[PDB]
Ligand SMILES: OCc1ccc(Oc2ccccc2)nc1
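Just the one chain here, the form solved without the ligand, laid out as structure tokens.
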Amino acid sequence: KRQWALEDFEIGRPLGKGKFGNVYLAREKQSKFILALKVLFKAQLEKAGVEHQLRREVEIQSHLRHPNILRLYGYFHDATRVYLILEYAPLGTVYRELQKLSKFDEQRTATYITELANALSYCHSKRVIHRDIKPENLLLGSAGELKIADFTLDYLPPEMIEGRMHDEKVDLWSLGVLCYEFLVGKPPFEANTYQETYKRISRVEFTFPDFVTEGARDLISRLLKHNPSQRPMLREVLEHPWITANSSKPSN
């Protein structure tokens, strides 16, 4: 628990826009340690009323330690800005990869889905749910392993948008959404308006291109049920035939 300050860093390349400022490559002066520094404006956190949402997410994200979860090393603030000290993820966002490749093969998808599920299984067994399990929020390590970070309906389950009660089953719906997007190149409830997307999610209307294989259709269909109780456990996902046939890493 070292209290940091901006003078302890040399800032570099902008890595991305985080909607609340920007994330920069940085290097710790004393150690030479390379990391990522998320720069948030304090005036924009008050006036989006998320200062609690930040404090609790930072608390949670600091204690969690998994190879497929991006490490938060710490934080500090000055007058204007708050700084998150993050692991640096050399290979960037899954979003960008998907923009590049347009879509992913079954192997890369099934691997990603494993890595997610693993990091979620761990998350659940500390009573942590997530909401924004979306490509903008998944990063890639030097080995190209998936890392979850950043603790718009497109990825939200029916119970959530409807305003119903929700449990750890939200994250299962997310996996189905992502599994679909990874294979097809767009999420399954995509639309041109919010209102429509809302309808699509709420009545669970999705269809498959021809090229999506029977095994993947099975797993996605299983994951995207309206009824949370009907969605499989994470263990079952890791042990799905399509997953085990196509993944590269193993389940845990």
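In case it trips you up, residue 1 is the first one in the sequence shown, and so on.
A second form of this protein, the form solved in complex with the ligand, is not displayed here; the remarks below concern that form.
None of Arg55, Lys186, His226, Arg222 but one reaches within 4.5 angstroms of the ligand in the bound PDB entry through a heavy atom, and that residue is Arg55. For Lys103, no non-hydrogen atom is located within 4.5 Å of the ligand in the bound PDB entry, even though that partner is not displayed. Remark: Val82 counts among the residues lining the ligand in the bound PDB entry, judged by a heavy atom distance of 4.5 Å or less.
Using a 4.5 angstroms limit between non-hydrogen atoms, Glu190 is distant from the ligand in the bound PDB entry. For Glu214, no non-hydrogen atom is located within 4.5 Å of the ligand in the bound PDB entry, even though that partner is not displayed. With respect to the ligand in the bound PDB entry, the three residues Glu51, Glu59 and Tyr75 uniformly fall within 4.5 angstroms at the level of their nearest heavy atom. Taking the ligand as positioned in the bound PDB entry, none of the residues of 117 to 135 brings a heavy atom within 4.5 Å of it.
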